[PDB]
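Below: query-v6.cif (mmCIF, C-alpha atoms)
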```
data_data
#
loop_
_atom_site.label_atom_id
_atom_site.label_comp_id
_atom_site.auth_asym_id
_atom_site.auth_seq_id
_atom_site.Cartn_x
_atom_site.Cartn_y
_atom_site.Cartn_z
CA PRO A 40 -34.71 17.37 69.48
CA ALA A 41 -31.74 15.33 68.31
CA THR A 42 -32.28 11.62 69.00
CA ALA A 43 -28.74 10.66 67.87
CA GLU A 44 -29.20 10.55 64.04
CA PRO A 45 -28.47 7.13 62.49
CA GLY A 46 -25.28 8.01 60.64
CA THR A 47 -22.69 7.18 63.29
CA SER A 48 -21.85 4.34 65.69
CA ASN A 49 -18.28 3.34 66.54
CA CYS A 50 -16.84 -0.06 67.44
CA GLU A 51 -13.27 0.11 65.95
CA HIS A 52 -13.79 -2.58 63.34
CA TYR A 53 -10.88 -1.92 60.97
CA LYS A 54 -7.28 -2.10 62.13
CA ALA A 55 -4.48 -0.54 60.14
CA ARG A 56 -2.68 -3.00 57.90
CA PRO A 57 0.78 -1.36 58.01
CA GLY A 58 -0.16 -0.05 61.45
CA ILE A 59 -0.55 3.59 62.48
CA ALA A 60 1.56 3.09 65.60
CA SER A 61 4.34 1.59 63.47
CA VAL A 62 4.35 4.12 60.61
CA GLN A 63 4.02 7.17 62.85
CA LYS A 64 6.98 6.24 65.06
CA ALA A 65 9.24 6.27 61.99
CA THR A 66 7.74 9.49 60.65
CA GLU A 67 8.52 11.11 64.04
CA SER A 68 12.23 10.66 63.32
CA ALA A 69 11.98 11.45 59.64
CA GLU A 70 10.50 14.76 60.82
CA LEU A 71 13.68 15.62 62.76
CA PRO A 72 15.80 18.44 61.30
CA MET A 73 19.43 18.21 60.28
CA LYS A 74 22.02 18.38 63.06
CA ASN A 75 23.80 21.70 63.36
CA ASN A 76 27.47 22.10 62.40
CA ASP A 77 28.84 25.03 64.34
CA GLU A 78 32.61 24.63 64.62
CA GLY A 79 34.79 26.97 62.61
CA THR A 80 32.43 29.94 63.09
CA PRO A 81 33.01 32.86 65.48
CA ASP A 82 31.11 33.66 68.66
CA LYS A 83 29.98 37.07 69.96
CA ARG A 84 33.47 37.98 71.17
CA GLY A 85 35.26 36.89 68.02
CA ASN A 86 36.81 33.55 68.87
CA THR A 87 36.30 30.68 66.45
CA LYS A 88 34.51 27.99 68.42
CA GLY A 89 35.38 24.31 68.21
CA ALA A 90 38.32 22.15 69.18
CA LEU A 91 41.99 22.53 68.28
CA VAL A 92 42.83 19.68 65.93
CA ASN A 93 44.19 18.82 62.50
CA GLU A 94 41.24 19.09 60.13
CA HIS A 95 41.81 15.74 58.44
CA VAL A 96 42.28 13.99 61.78
CA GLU A 97 38.95 15.55 62.84
CA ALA A 98 37.25 14.41 59.63
CA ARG A 99 38.45 10.90 60.41
CA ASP A 100 37.21 11.21 64.00
CA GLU A 101 33.68 12.01 62.85
CA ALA A 102 33.75 8.94 60.59
CA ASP A 103 34.59 6.93 63.71
CA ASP A 104 31.82 8.64 65.70
CA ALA A 105 29.16 8.14 63.05
CA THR A 106 30.18 4.51 62.56
CA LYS A 107 29.66 3.92 66.29
CA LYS A 108 26.36 5.82 66.13
CA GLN A 109 25.29 3.57 63.24
CA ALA A 110 26.27 0.50 65.25
CA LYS A 111 24.18 1.70 68.18
CA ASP A 112 21.16 2.63 66.04
CA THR A 113 21.16 -0.80 64.37
CA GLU A 114 20.97 -2.29 67.91
CA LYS A 115 24.17 -4.34 67.49
CA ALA A 116 27.88 -4.42 68.40
CA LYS A 117 29.62 -3.93 65.05
CA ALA A 118 28.24 -1.62 62.38
CA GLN A 119 27.31 -2.98 58.97
CA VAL A 120 26.97 0.27 57.00
CA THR A 121 30.37 1.61 58.01
CA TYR A 122 31.51 5.15 57.33
CA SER A 123 35.21 4.60 58.05
CA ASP A 124 37.83 2.17 56.71
CA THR A 125 36.05 1.91 53.37
CA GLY A 126 37.74 1.11 50.08
CA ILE A 127 38.36 4.72 49.06
CA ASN A 128 41.58 6.50 49.91
CA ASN A 129 39.93 9.64 51.29
CA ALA A 130 43.14 11.25 52.48
CA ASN A 131 42.45 14.86 51.45
CA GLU A 132 39.14 15.03 53.31
CA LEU A 133 38.91 18.24 55.33
CA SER A 134 36.34 19.28 57.91
CA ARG A 135 35.74 22.49 59.81
CA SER A 136 37.43 22.87 63.18
CA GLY A 137 38.62 25.55 65.56
CA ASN A 138 42.23 25.33 64.40
CA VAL A 139 42.01 28.05 61.74
CA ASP A 140 40.23 31.37 61.87
CA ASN A 141 38.12 33.15 59.28
CA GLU A 142 41.18 35.04 58.04
CA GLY A 143 43.43 32.09 57.27
CA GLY A 144 45.70 32.14 60.29
CA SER A 145 46.12 29.79 63.22
CA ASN A 146 44.18 29.70 66.46
CA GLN A 147 46.89 28.54 68.85
CA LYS A 148 46.10 31.86 70.57
CA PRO A 149 42.55 33.29 70.64
CA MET A 150 41.67 36.33 68.55
CA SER A 151 40.19 38.20 71.51
CA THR A 152 43.63 38.22 73.10
CA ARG A 153 45.59 38.67 69.86
CA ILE A 154 43.79 42.00 69.45
CA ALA A 155 44.32 42.72 73.15
CA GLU A 156 48.08 42.23 72.79
CA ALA A 157 48.18 44.30 69.60
CA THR A 158 46.49 47.23 71.34
CA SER A 159 48.26 46.76 74.69
CA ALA A 160 51.61 47.05 72.93
CA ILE A 161 50.83 50.79 72.76
CA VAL A 162 49.97 52.70 75.92
CA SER A 163 50.86 56.16 77.16
CA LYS A 164 51.01 57.09 80.83
CA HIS A 165 51.13 60.40 82.66
CA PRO A 166 54.45 62.03 83.54
CA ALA A 167 55.55 61.88 87.16
CA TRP B 1129 -31.27 9.90 53.92
CA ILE B 1130 -31.80 6.19 53.19
CA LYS B 1131 -33.99 5.75 56.28
CA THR B 1132 -36.52 8.58 56.10
CA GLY B 1133 -35.82 10.31 52.77
CA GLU B 1134 -35.81 8.65 49.38
CA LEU B 1135 -32.83 7.40 47.38
CA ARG B 1136 -31.84 3.95 46.15
CA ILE B 1137 -28.30 2.61 46.04
CA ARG B 1138 -27.52 -0.45 43.92
CA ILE B 1139 -24.26 -1.77 45.37
CA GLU B 1140 -22.82 -4.28 42.92
CA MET B 1141 -20.58 -7.16 44.01
CA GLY B 1142 -21.57 -10.24 42.00
CA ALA B 1143 -21.60 -12.80 44.80
CA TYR B 1144 -22.50 -12.54 48.47
CA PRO B 1145 -23.56 -14.88 51.27
CA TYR B 1146 -27.06 -14.33 52.60
CA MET B 1147 -28.65 -14.73 56.02
CA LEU B 1148 -32.39 -14.94 56.58
CA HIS B 1149 -34.93 -13.72 59.12
CA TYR B 1150 -38.51 -14.97 59.07
CA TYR B 1151 -41.08 -12.53 60.43
CA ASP B 1152 -44.72 -13.05 61.19
CA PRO B 1153 -46.81 -11.23 58.56
CA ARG B 1154 -49.62 -10.30 60.96
CA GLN B 1155 -47.44 -7.95 63.03
CA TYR B 1156 -45.32 -4.86 62.50
CA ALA B 1157 -41.75 -5.26 61.30
CA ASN B 1158 -38.81 -3.03 60.49
CA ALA B 1159 -35.49 -3.76 58.81
CA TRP B 1160 -33.41 -0.82 60.03
CA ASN B 1161 -31.73 -2.53 62.99
CA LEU B 1162 -30.54 -5.25 60.60
CA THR B 1163 -29.55 -3.15 57.60
CA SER B 1164 -27.82 -0.48 59.67
CA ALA B 1165 -25.93 -3.25 61.46
CA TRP B 1166 -24.86 -4.53 58.05
CA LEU B 1167 -23.87 -1.09 56.75
CA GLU B 1168 -21.83 -0.13 59.82
CA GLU B 1169 -19.73 -3.29 59.73
CA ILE B 1170 -18.51 -2.81 56.16
CA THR B 1171 -14.67 -2.63 56.52
CA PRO B 1172 -12.16 -2.00 53.69
CA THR B 1173 -11.14 -5.67 54.03
CA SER B 1174 -14.39 -7.45 54.93
CA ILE B 1175 -18.17 -7.47 54.72
CA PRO B 1176 -20.53 -9.59 56.84
CA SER B 1177 -23.30 -11.67 55.30
#
```
Can the structure from this file be put into structure tokens for me?
Amino acid sequence: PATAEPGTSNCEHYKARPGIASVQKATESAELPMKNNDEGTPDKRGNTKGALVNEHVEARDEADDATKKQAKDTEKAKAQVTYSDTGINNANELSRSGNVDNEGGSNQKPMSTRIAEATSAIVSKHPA
Amino acid sequence: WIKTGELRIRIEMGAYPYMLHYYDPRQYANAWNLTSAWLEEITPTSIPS
């Protein structure tokens, strides 16, 4: 026998003063997790994935890439919070890349064929 | 509970604008459609008269 009890009636009187649609759209991108960093680590076969590059040249390349990403996210042409060409001589900065393996050697040749050559150097066939 | 039960609520504000309604004393009257319309429209930034 409910005749719509007098507690509730909606008309949307109050509007949000910072704005729900403005705060939530920034919280949606604060919610986003950190980007993965995969290069330097081996795959299922054993090869260290990533590109073949000097590590310091690569660590300068990501400063370039993140400066351009900053310039695009600030909706302009030149970045203002720049990550490269700062005042600091950061000349020993190293990043992970596919140039070195987990042992400490080079990756000019993949590991999955270094081991293949090391085993294929020994075979033994049947006599005629 | 305010309508059909019993409890009193003294809401203190100091100053408020008032609006009047003159009823005829020989007939039935009821204040709920006015006071509920006042209580619904209280907003965190505004009250009506």
Compute the chain A side of the contact with chain B at 9 Å, counting all atoms listed in the file, and hand it back as a PyMOL selection string.
-> chain A and resi 45-50+52-53
Do you know which residues the PyMOL selection byres ((chain A and resi 121) around 12) returns on this file, as an MDAnalysis selection string?
-> chainID A and resid 101:111 113 117:120 122:126
Report as an NGL selection string the full result of the PyMOL selection byres ((chain A and resi 78) around 7) when it is applied to this structure.
-> :A and (76-77 or 79-80 or 88-89 or 135-137)
What separation in Å, quoted to one decimal, exists between atom CA of residue 1148 of chain B and atom CA of residue 1133 of chain B?
-> 25.8 Å
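Interatomic distance, atom CA of residue 44 of chain A to atom CA of residue 1135 of chain B: 17.3 Å.
Atom CA of residue 131 of chain A sits 7.1 Å away from atom CA of residue 95 of chain A.
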Which polymer residues have any atom within 8 Å of an atom of residue 93 of chain A, counting all atoms listed in the file, with same-chain residues fewer than 3 positions away left out, as a VMD selection string?
-> chain A and resid 96 to 97 136 138
Suppose a student applies the PyMOL selection byres ((chain A and resi 85) around 10) to this structure; what residues should they get, written as a compact mmCIF listing (two decimals) with C-alpha atoms, in the coordinates of the input?
```txt
# COMPACT_ATOMS: atom_id res chain seq x y z
CA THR A 80 32.43 29.94 63.09
CA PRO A 81 33.01 32.86 65.48
CA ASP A 82 31.11 33.66 68.66
CA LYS A 83 29.98 37.07 69.96
CA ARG A 84 33.47 37.98 71.17
CA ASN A 86 36.81 33.55 68.87
CA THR A 87 36.30 30.68 66.45
CA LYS A 88 34.51 27.99 68.42
CA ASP A 140 40.23 31.37 61.87
CA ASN A 141 38.12 33.15 59.28
CA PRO A 149 42.55 33.29 70.64
CA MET A 150 41.67 36.33 68.55
CA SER A 151 40.19 38.20 71.51
CA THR A 152 43.63 38.22 73.10
```
Enumerate, as a ChimeraX atom specification, the protein, DNA and RNA residues whose atoms approach (-35.2, -6.2, 60.8) to within 12 Å, taking into account only C-alpha atoms and the coordinate frame of the file.
-> /B:1147-1152,1156-1166
